[PDB]
2 protein chains.
Amino acid sequence: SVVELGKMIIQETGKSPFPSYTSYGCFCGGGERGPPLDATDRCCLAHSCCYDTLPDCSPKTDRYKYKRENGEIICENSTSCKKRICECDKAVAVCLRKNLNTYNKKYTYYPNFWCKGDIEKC
Amino acid sequence: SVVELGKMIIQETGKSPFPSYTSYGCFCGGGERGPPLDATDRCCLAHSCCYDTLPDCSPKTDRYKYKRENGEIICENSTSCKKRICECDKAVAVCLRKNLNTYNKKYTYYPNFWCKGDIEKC
Ligand SMILES: CCCCCCCCCCCC(=O)O
Ligand SMILES: CCCCCCCCCCCC(=O)O
């Protein structure tokens, strides 16, 4: 559902996922080692962790629909997976928005070999 | 289908898509303005162009199956989309392998705002 995750990011941050968040910091768009550089990076870390709770699902490819109710994302429930994938995506999109005031352009293309820490448990 | 694409990449280049190809140059992992930086980057532009030949499909989320006969990728044919999407991924994975020897670590995290050329037609 990378497509739906992208639509959420667009609506919430006003930024297009690529290139603003596809390789941001140590965790946005991938990465297991930190520490996270900032709040935005922590949002992505939390998203990776959320996807870890979906071993029975295919988060990157399972399509789903969502609505906006009073400015809030409302997840569908056609299947258990779609619901949980959607909630994970909803969380990250809102988190990215809330920390726009600290978005750092010098982290947009952060070289991943700068992320040295261990893989910290979620 | 990004899942299948990633598997092919690993099988062909011995590298996982992230971080080696997820944001390489002006076109790998996304991008429109060029010109492409090198052979590897041109592989990604051609891949993007290939996906543009599948407007009736969803190349990033449509799952498909494939085999490896005699070291070669053998795409399935259950649906036309699964077949055509698989041939695009097969093509880019093989191209990345063919150009492994000129992969440039300094383009792995290329800042996209450095790609200032026009958006050439495919
Ligand atoms: C790398 C392409 C994926 C683009 C999706 C937008 C980024 C969301 C960031 C969440 C980080 C994560 O769970 O990897
Ligand atoms: C950005 C997540 C995509 C990860 C897959 C590895 C990149 C494949 C390269 C093809 C470039 C393209 O069509 O964007």
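Technique stated in the header: X-ray crystallography, 2.0 Å.
Just so you know, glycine gets a Cβ as well, placed from its N, Cα and C.
Positions annotated as disulfide bond by Swiss-Prot: B:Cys26-B:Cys115, B:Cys28-B:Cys44, B:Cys43-B:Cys95, B:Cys49-B:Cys122, B:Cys50-B:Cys88, B:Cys57-B:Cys81, B:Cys75-B:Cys86. Taken from Swiss-Prot, the feature region 'Important for membrane-damaging activities in eukaryotes and bacteria' covers B:105-117, and the record attributes it to similarity to another entry.
With B:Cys49 (disulfide bond) as the anchor, the candidate disulfide-bonded residues are B:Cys28, B:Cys57, B:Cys81, B:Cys88, B:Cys115, and the one with the nearest CA is B:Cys88. Close to ligand 2, meaning a Cβ under 6 Å from one of its atoms, are these of the disulfide-bonded residues B:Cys26, B:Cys28, B:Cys44: B:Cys28, B:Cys44.
Note on the region 'Important for membrane-damaging activities in eukaryotes and bacteria' (B:105-117): residues 19-20, 23-26, 30-35, 37-38, 40-41 of its chain, located 6 or more positions outside it, place their CB under 8 angstroms from a CB of the stretch. Highest local Cβ density among the disulfide-bonded residues B:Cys44, B:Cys50, B:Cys122 belongs to B:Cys44, counted as other Cβ atoms within 10 Å over all protein chains shown. In terms of Cα distance, the disulfide-bonded residues that sit within 10 Å of B:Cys44 (disulfide bond) are B:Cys26, B:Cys95, chosen from B:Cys26, B:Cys57, B:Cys81, B:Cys95, B:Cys115. For the region 'Important for membrane-damaging activities in eukaryotes and bacteria' (B:105-117), DSSP puts the residue distribution at 6 helix, 0 strand, 7 coil.
For B:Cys26 (disulfide bond), the spatially nearest entry among the disulfide-bonded residues B:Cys57, B:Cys81, B:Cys86, B:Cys122 is B:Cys122, judged by CA separation. The disulfide-bonded residues under consideration are B:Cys26, B:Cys43, B:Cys57, B:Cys81. Their Cβ neighbour counts within 10 Å are lowest for B:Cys81. Applying an 8 A CB threshold to same-chain residues 6+ apart, the list for B:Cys86 (disulfide bond) reads B:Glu4, B:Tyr64, B:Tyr66, B:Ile73, B:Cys75, B:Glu76.
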